[PDB]
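Asker: If you scroll down you'll find the structure; I have some questions about it.
All of the numbers you see were taken from the coordinates with simple rules; none came from a lab. Cβ atoms come from the backbone with ideal geometry, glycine included; neighbour counts cover every protein chain shown.
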Ligand SMILES: Nc1ncnc2c1ncn2[C@@H]1O[C@H](COP(=O)(O)OP(=O)(O)OP(O)(O)=S)[C@@H](O)[C@H]1O
Ligand SMILES: [Mg+2]
């Protein structure tokens, strides 16, 4: 719902995944060429991985489960895990180093 | 009676049901068979299709049937939410949608546990669920901290107590011995919740309490000029910047600091420099301890600031006061250690006793001292990567305005945008969501919605929620006191919990002067000459748990709850020993002692 | 028996009822309540009009609060109603309970519009500490209402040691307070230097300002023998200090007034600012004494404020009023805003007034602004403003459990 | 059909005359409690001057022919008579007065 | 609203036209009988901004002036026009 409508309408293909709130669902329906009654009503409960691909890149709209990449080849961000860090017993620190 | 009826319509994401019979208010606890937000389930073959009650009554019957049966309404609309695995787990999304004529049951305790319970170690307990018995509300802790939070509601909703509960449950020494949290208390009420388990910094410390001091040389150039002078923009600004540079270079030549030399010295550098010498030298050219002597008006302004007890937390720091020679007893090491490295996890910078005019520019400064200090040591064992931090902000709608031009907005926006990498959280306690900038409220991860009376703010909340679920958001303006709707990515699904209130005696209360008490007691003549002798110099100098003893000054001393110290003057000591031996506390003192003798609180 | 109809639609916070202003819904052991939000042919479901647009027997009601087992009445509900439930009409005991409170912090200010027996209780502690606000119109006769409030919360029956001040201009309250309250000399040296320059000399700018500050400084010093410039020590007209303080705050009478009709309109803003600053500064330093605001809170009330709290007024009064609004809570200092034309008072100040009394309002701009500057709101509190009876008022704020319609009367 | 029903409801006595369109008969018959098929089905063939009175001003509703007032007392607007004013021979006129 | 009953009662009633004849009455509705909102609607169009407040206040001075010399009380437009247009 935040992407500029004119730009979003010039994308040939779409991979509509699970969509939760009632506003983005409508804004997506409002820029999809092959608005297809059968499949667009099941947007809000596609599982983790499903993707309704709609556009000219496919002859007829699909409902495909994207094949997951093999383990180890997954996207991950090395952000800290507070529960595993706040649990470690405190160690005396010298703040001369921080300053 | 795990049975309701048969699905009659199936729109893929909006099924409907036709209730069959009579509604009974189950006694003992009060849970009815079916509510507006109550969950439902549908066994399909071998798996379970769970849903939420979206609408009840004439609003769910299929449309044209109203023409068929104008006044026949027995239908419900259920929106199907997720699904259960084959004895594996609950996951969202549906592998296969239902057909017409299926069976629709009601949620039972094992399903309560399966949906709501989990096995990950991150999740913790923050109050049990409403409309069902004994189900702790599990909130992911990692996501809640690193993905930022928020609290919203009405004035009497009770958000301070919810925040107190969360902080109490998030810092217990049992599981999190090295926690760390900071609270920018403003009205000054949390300080009563954590009596002997947190550090509190005020402006007028008590006998067993600390003094908040923010040295004036820990500021950048822009911040310091903003606080002191209001942001000069002429050649006077250039003159003052050059003078600050000269003072810092001079002190560095006087004293040595690790790895700083004239080649890498800037105004932003946090090193000591004497304000008094600056003022005196910049004023002599236009004509120390004591302030007796084209930027003149600025220098009268700063001179007035120097000798002002209100500004005793900047220019007359307790031991961060800097001598003439740029020499201080202690460096910023002690300040950082106390603020974030102390032995107590939580610290409270209650800013109630601050000149409101600067309050905003004060908040920002602290947020800049912490972040900038936890960013340049992100590899050491004292940075945010090794012991992350959570910041709390009370009454955020005044500083995070959509159009506000202060500095706090910049700091909070920076923590929201860039705090993920370095483990910095944020918790915005607010009261009028529509005020808060819509770009920042859309980056907060989790939301603790509460009662909201205004229709103009409910719409804002509904329009700015990641999972705009309606079964749990059509009931915003009727929630109880403490009934919270948790929606975000910090929980597997929306929750409708009640927060376990903190035990009696551990609660926040800003000690406001109760007008009833101070106007019911009988009038006693005042010594206004004391008021004048106290104002000229610009200075301030039920239950009973102890009584002071003295028989030489003709005085009495008493202590109440909350650390209130009262000194009663001109009291003959015979009555002192009479009271002490009376063993009548709260009654004899009530009898003829409340309003007989003068007393001055200390 | 009393009865209205049956519930036929629910979406959590909004109910529809089909027939055979407050309303009560029973559940057994507990009692839900509510108010009729929308009525008429527009209340029916959206597409149910097409089927039958002329038979209207649907009423839309909003749940409001819950009542326990004769314990208390608290907002928000723990359960909800479902199809097949009953709806009654509010009776005398129901009003007796929802508006009846056992807390000692509540004081009676009047009665209900329909019923006269039950008082219109208000929490004085919040009314003083949080803040107050009275918005009215020329023909609403706000004077009698505010007088009744002032002399009803300050009676010597239960609050002998009250302390109030009125900054009245038109002098109308002098007649209202014959002898039951005081009525009214500001020294020319107490006020700060800059205010004195502004009031008398006309706001000098050049080096003459510096020379005059200098001269006043040495006159101030030489006064001491027979340290700072701003010291309120007398130096060498009656109008153009312990006794003055006691007369202002230490007087035996509970209330006090300041009639400023005769003074010029030009300097009156600076004078109100000076007075308010003096009071606040004195009661901020006297915090730790029996004379302080912590032991006898003070309340300030001023009328005709819409000419002083404008959106971009440059007077000194706005600064002191803002200081009271923000920091005055801690030191036990209150405030009360009376204004017959609130469209001019800035929103950023009117948004901080906890308790709001509304009187007869006719114009649309005022009716829009009041809704835009309120923390609570009900649908049954917008369309009846212009038809209010003289002497009635609508209370909305956090100092009352629920918003009310009440008539104020002297005791 | 278009008048407000809220203000029409409270009216006590009603006079109804011949009606042609089928959208107004429904509104008028929905404005009366005495739902009689005869009293609102014989409506669209009522001669000029006939009318049915329904309400508490009349003991029993029924159809009656209202007598006409005598010649010389009969409402009529004096709108121009085009056929008579166009039949007469063209008269040369001067528009200077009109301007 | 069609001037159709005037001929019904040749002499049994009295009519109030807007452009009468030598021997007929003239309808007269003094503006000042109107209430504030009605007058603003008829003469101006129901303004809301500062102009509405200015005119509402302006009426008050003239009304109270007339009353003190001797709410539905007479007052003059022309003086209003000149006074607040000369401004
Ligand atoms: N979960 C709760 N259950 C019952 N009472 C609560 C609960 N939480 C808070 N309260 C009480 O409701 C009153 C107000 O709640 P507080 O949280 O203390 O104040 P607050 O108004 O929410 O904070 P501000 O002024 O909006 S920042 C107090 O009497 C609380 O004791
Ligand atoms: Mg609070």
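Asker: Among the residues of the stretch A:72-85, are any within 9 Å of another protein chain (Cβ to nearest Cβ) and in contact with a strand residue (DSSP E or B) (Cβ under 7 Å, 6 or more places away or on another chain)?
Answerer: no
Asker: The conditions are (1) assigned to a loop (DSSP other than H, G, I, E, B); (2) touching a strand residue (DSSP E or B) at 6+ places or on another chain (Cβ under 6 Å), and residue C:385 fails exactly one of them. Which is it?
Answerer: With (1) assigned to a loop (DSSP other than H, G, I, E, B); (2) touching a strand residue (DSSP E or B) at 6+ places or on another chain (Cβ under 6 Å) applied to residue C:385, the lone miss is (2).
Asker: To continue, here is another question. If we keep just the residues of the stretch B:114-130 that are buried (at least 19 other Cβ atoms within 10 Å of the Cβ) and within 16 Å of ligand 1 (Cβ to nearest atom), which is nearest to the other protein chains (Cβ to nearest Cβ)?
Answerer: That would be B:130.
Yes/no per residue for (1) within 13 Å of chain B (Cβ to nearest Cβ); (2) over 15 Å from residue C:163 (Cβ atoms); (3) touching a helix residue (DSSP H, G or I) at 6+ places or on another chain (Cβ under 9 Å); (4) buried (at least 18 other Cβ atoms within 10 Å of the Cβ):
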residue: C:265; (1), (2), (3), (4): no, yes, no, no
residue: C:270; (1), (2), (3), (4): no, yes, yes, no
residue: C:285; (1), (2), (3), (4): yes, yes, yes, yes
residue: C:295; (1), (2), (3), (4): yes, no, yes, yes
residue: C:301; (1), (2), (3), (4): no, no, yes, yes
residue: C:317; (1), (2), (3), (4): no, yes, yes, yes
residue: C:328; (1), (2), (3), (4): yes, no, yes, yes
residue: C:339; (1), (2), (3), (4): no, yes, yes, yes
residue: C:355; (1), (2), (3), (4): yes, yes, yes, yes
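Asker: Ok, one more. Checking residue B:167 against (1) assigned to a helix (DSSP H, G or I); (2) away from ligand 1 (no atom under 16 Å from the Cβ), only one condition comes out false. Which one?
Answerer: The number of the failed condition is (2).
Asker: Among the listed residues B:401, B:471, B:445, identify the single one that is surrounded by fewer than 23 Cβ atoms within 10 Å (Cβ to Cβ) and either within 16 Å of ligand 2 (Cβ to nearest atom) or within 14 Å of chain C (Cβ to nearest Cβ) (or both).
Answerer: Of B:401, B:471, B:445, the one residue that is surrounded by fewer than 23 Cβ atoms within 10 Å (Cβ to Cβ) and either within 16 Å of ligand 2 (Cβ to nearest atom) or within 14 Å of chain C (Cβ to nearest Cβ) (or both) is B:401.
Asker: Among the residues of the stretch B:183-202, which ones are within 14 Å of another protein chain (Cβ to nearest Cβ) and either under 13 Å from the mean Cα position of the chain (by Cα) or in a loop (DSSP other than H, G, I, E, B) (or both)?
Answerer: Listed by number, the residues that qualify are B:185, B:186, B:187, B:188, B:189, B:191.
Asker: Checking the conditions here, which among B:556, B:575, B:534 is away from ligand 2 (no atom under 16 Å from the Cβ), under 18 Å from residue C:288 (Cβ atoms) and in a helix (DSSP H, G or I)?
Answerer: Answer to the check: B:534.
Asker: Please work out if residue C:55 is more than 13 Å from chain D (Cβ to nearest Cβ), more than 24 Å from residue C:377 (Cβ to Cβ), more than 35 Å from the chain's Cα centre (by Cα) and surrounded by fewer than 16 Cβ atoms within 10 Å (Cβ to Cβ).
Answerer: no
Asker: Going through the stretch B:131-159 one residue at a time, which ones are within 16 Å of ligand 1 (Cβ to nearest atom), buried (at least 18 other Cβ atoms within 10 Å of the Cβ) and away from every other protein chain (no Cβ under 14 Å)?
Answerer: B:137, B:150, B:151
Asker: If you check B:191, B:179, B:198, B:130, which single one turns out to be within 16 Å of ligand 2 (Cβ to nearest atom) and in contact with a strand residue (DSSP E or B) (Cβ under 9 Å, 6 or more places away or on another chain)?
Answerer: Of B:191, B:179, B:198, B:130, the one residue that is within 16 Å of ligand 2 (Cβ to nearest atom) and in contact with a strand residue (DSSP E or B) (Cβ under 9 Å, 6 or more places away or on another chain) is B:191.
Asker: I would also like to ask the following. Quick check on residue B:165: is it more than 7 Å from every other protein chain (Cβ to nearest Cβ), under 12 Å from the mean Cα position of the chain (by Cα) and surrounded by fewer than 23 Cβ atoms within 10 Å (Cβ to Cβ)?
Answerer: Judged against the criteria, residue B:165 is a match.
Asker: A further question follows. Report, by residue number, each residue of the stretch B:484-525 that is outside any loop (DSSP other than H, G, I, E, B) and either out of contact with any strand residue (DSSP E or B) (no Cβ under 9 Å at 6 or more places or on another chain) or facing another protein chain (nearest Cβ under 7 Å) (or both).
Answerer: If the condition is that a residue be outside any loop (DSSP other than H, G, I, E, B) and either out of contact with any strand residue (DSSP E or B) (no Cβ under 9 Å at 6 or more places or on another chain) or facing another protein chain (nearest Cβ under 7 Å) (or both), then B:515, B:516, B:517, B:518, B:519, B:520 are the ones that fit.
Asker: Let me ask another. Consider residue B:430 carefully, then state whether it is within 14 Å of chain A (Cβ to nearest Cβ), crowded, with 17+ Cβ neighbours inside 10 Å and under 30 Å from residue B:178 (Cβ atoms).
Answerer: no
Asker: For the stretch A:29-52, give me each residue that is surrounded by 15 or more Cβ atoms within 10 Å (Cβ to Cβ) and within 14 Å of the chain's Cα centre (by Cα).
Answerer: A:43, A:44, A:45, A:46, A:47, A:50, A:51, A:52
One line per residue, one yes/no per condition, for (1) under 16 Å from the mean Cα position of the chain (by Cα); (2) more than 16 Å from ligand 2 (Cβ to nearest atom); (3) assigned to a helix (DSSP H, G or I):
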{"residue": "B:405", "(1), (2), (3)": "no, yes, no"}
{"residue": "B:410", "(1), (2), (3)": "no, yes, yes"}
{"residue": "B:414", "(1), (2), (3)": "no, yes, yes"}
{"residue": "B:417", "(1), (2), (3)": "no, yes, yes"}
{"residue": "B:422", "(1), (2), (3)": "no, yes, no"}
{"residue": "B:428", "(1), (2), (3)": "yes, no, no"}
{"residue": "B:434", "(1), (2), (3)": "no, yes, yes"}
{"residue": "B:440", "(1), (2), (3)": "no, yes, yes"}
{"residue": "B:452", "(1), (2), (3)": "no, no, no"}
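Asker: Separate question: With respect to the numbered conditions (1) surrounded by fewer than 19 Cβ atoms within 10 Å (Cβ to Cβ); (2) within 11 Å of another protein chain (Cβ to nearest Cβ); (3) more than 25 Å from residue C:145 (Cα to Cα), which one is the sole condition not fulfilled by residue C:312?
Answerer: (2)
Asker: Return the pairs, sorted by first residue and then second, in which the second residue is more than 16 Å from ligand 1 (Cβ to nearest atom) and assigned to a loop (DSSP other than H, G, I, E, B), the first residue lies in the stretch B:385-405 and is farther than 27 Å from residue A:79 by Cα, the beta carbons are less than 7 Å apart, and the residues are 6+ apart or on different chains.
Answerer: B:399/B:406; B:401/B:437; B:402/B:437
Asker: As an exercise: evaluate residue E:68 against (1) more than 14 Å from chain D (Cβ to nearest Cβ); (2) on the phi > 0 side of the Ramachandran plot; (3) more than 18 Å from the chain's Cα centre (by Cα) and give the number of the one condition it does not meet.
Answerer: Only one criterion in (1) more than 14 Å from chain D (Cβ to nearest Cβ); (2) on the phi > 0 side of the Ramachandran plot; (3) more than 18 Å from the chain's Cα centre (by Cα) is unmet by residue E:68, namely (2).
Asker: Oh, and also: Out of (1) within 12 Å of chain C (Cβ to nearest Cβ); (2) surrounded by fewer than 18 Cβ atoms within 10 Å (Cβ to Cβ); (3) under 40 Å from the mean Cα position of the chain (by Cα), the odd one out for residue B:24 is which?
Answerer: Condition (3) is where residue B:24 drops out.
Asker: I would also like to ask the following. Taking the stretch B:133-162 as the region of interest, how many residues are assigned to a helix (DSSP H, G or I) and either within 16 Å of ligand 2 (Cβ to nearest atom) or within 14 Å of the chain's Cα centre (by Cα) (or both)?
Answerer: Total meeting the criteria: 5.
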